[PDB]
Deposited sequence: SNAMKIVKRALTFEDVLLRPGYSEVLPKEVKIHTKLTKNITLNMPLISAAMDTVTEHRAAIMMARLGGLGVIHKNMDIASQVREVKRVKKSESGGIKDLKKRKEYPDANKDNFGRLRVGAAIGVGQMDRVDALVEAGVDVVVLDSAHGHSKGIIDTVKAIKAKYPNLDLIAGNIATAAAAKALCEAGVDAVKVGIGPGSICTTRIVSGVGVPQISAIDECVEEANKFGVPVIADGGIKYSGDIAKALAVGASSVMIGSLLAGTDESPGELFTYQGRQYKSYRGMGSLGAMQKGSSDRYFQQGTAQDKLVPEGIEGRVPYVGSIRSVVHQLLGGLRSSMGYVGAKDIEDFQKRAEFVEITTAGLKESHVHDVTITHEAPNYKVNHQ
């Protein structure tokens, strides 16, 4: 007999039940925690990818109350430059600011890049995001120990993990948040290339339960296709959500729009695709996503879905949302009924593309 630990679910497998509500969606509060010490005025973080976040995206993210993580596929001096650009930036009331009244920013690092870390810290970065394919490893854990030993009060996010044991090891090493998601990313092939991963909803749930013991927030990273998924991710216990594909088609993301066969697009590619890495064995693809206009407008629709959700559940804030949330498991047939069905769409909605 093979050891099957459980049957794991992801977003399309569950729904939230409506509950008694005394709140309208414009009234709910959506402030949350990025780390033990850093709060967000809204729970969205743009992914640390070279087709998603550099200074322009990071600036808008923080202006809107979230955060951008500057990717690390560039040399130390450039990444420092990108950070300083964000730091040096009534129209944006919910802006997410540091002590100097400057916009907050995150910056990605890898294993054993203490040089990069020194430079980013001196440049005034708010949080360092230590990302790896496998956060549950000696390499990553040694790096956390080295960083916290050298910078005891630097906010450090570490990822990516998918199990409770992984969350424990990272929290015990002293991280300020853990990032969850092995393989759910739109451009990610890890689960297919290696056969390894945990469906995202189950992964978040397992990791939150363990991380809560340390009061360490969980970041749910990857696999968000719609606003409803953000709601579900937050409802199950994640404190924030990290998004790549939904933000890659924006004005502010790196790169320019192009038109192919009468549609507008931008490139979007995984950091583990051959393209991004330049024989290599990739765990990501290079692709394109539809052009969707301003980051502002995209975030507005996403947050509106979250607001709507909390309204349906009766939650006044994210914490209240998490305690009230009840899920129902659905079937393939229920997924179809949930989507648009038996009607051809003639005017596309801003928040639902089929």
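Practice task
In sequence order, name the stretches of the deposited sequence that have no C-alpha in these coordinates.
Solution key: Missing from the model are residues 1 to 2, 92 to 102, 292 to 306, 383 to 385.
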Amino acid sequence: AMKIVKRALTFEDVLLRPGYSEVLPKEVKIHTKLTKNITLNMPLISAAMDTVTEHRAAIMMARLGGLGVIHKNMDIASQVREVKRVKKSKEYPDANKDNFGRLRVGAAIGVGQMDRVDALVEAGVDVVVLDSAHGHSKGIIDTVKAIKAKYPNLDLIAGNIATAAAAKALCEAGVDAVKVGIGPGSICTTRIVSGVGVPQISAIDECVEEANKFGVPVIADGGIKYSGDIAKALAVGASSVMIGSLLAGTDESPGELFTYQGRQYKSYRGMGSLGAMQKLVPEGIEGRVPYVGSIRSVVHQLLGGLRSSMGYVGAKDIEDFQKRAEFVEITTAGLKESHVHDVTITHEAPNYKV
From here on, numbers count along this sequence of modelled residues.
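Problem - Between the two ranges 160 to 168 and 115 to 123, the one averaging a larger CA B factor in the entry - result: Stretch with the higher mean C-alpha B-factor: 115 to 123.
Exercise for the section: Compare the mean C-alpha B-factor of 250 to 258 with that of 98 to 106 as given in the PDB entry, and name the stretch with the higher value. Expected result: Looking at the record's C-alpha B-factors, the answer is 98 to 106.
Practice task
Tell me which of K279, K232, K266, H71 tops the list for C-alpha B factor in the record.
Solution key: When the deposited C-alpha B-factors of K279, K232, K266, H71 are compared, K279 is largest.
Exercise for the section: Kindly indicate the residue among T190, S89, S245, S227 with the greatest C-alpha B-factor in the PDB record. Expected result: Most elevated C-alpha B-factor of the set, per the entry: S89.
Exercise for the section: Using the B-factors in the PDB entry, rank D221's C-alpha atom against the chain and give the third, lowest, middle or highest. Expected result: It falls in the bottom third of the chain.
Practice task
Grab the CA temperature factor for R56 from the record and place it in the lowest, middle or highest third of its chain.
Solution key: Highest third - that is where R56 ends up once the chain's C-alpha B-factors are sorted.
Practice task
Compare the C-alpha B factor of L306 with those of the other modelled residues in its chain, then answer lowest, middle or highest third.
Solution key: According to the entry, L306 has a C-alpha B-factor in the chain's lowest third.
Handout entry: Relative C-alpha B-factor of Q79, binned into the chain's lowest, middle or highest third
Key = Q79: CA B-factor falls in the highest third of its chain.
Practice task
Going by the recorded CA B-factors, say which third of the chain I285 sits in, lowest, middle or highest.
Solution key: For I285, the deposited C-alpha B-factor lands in the lowest third.
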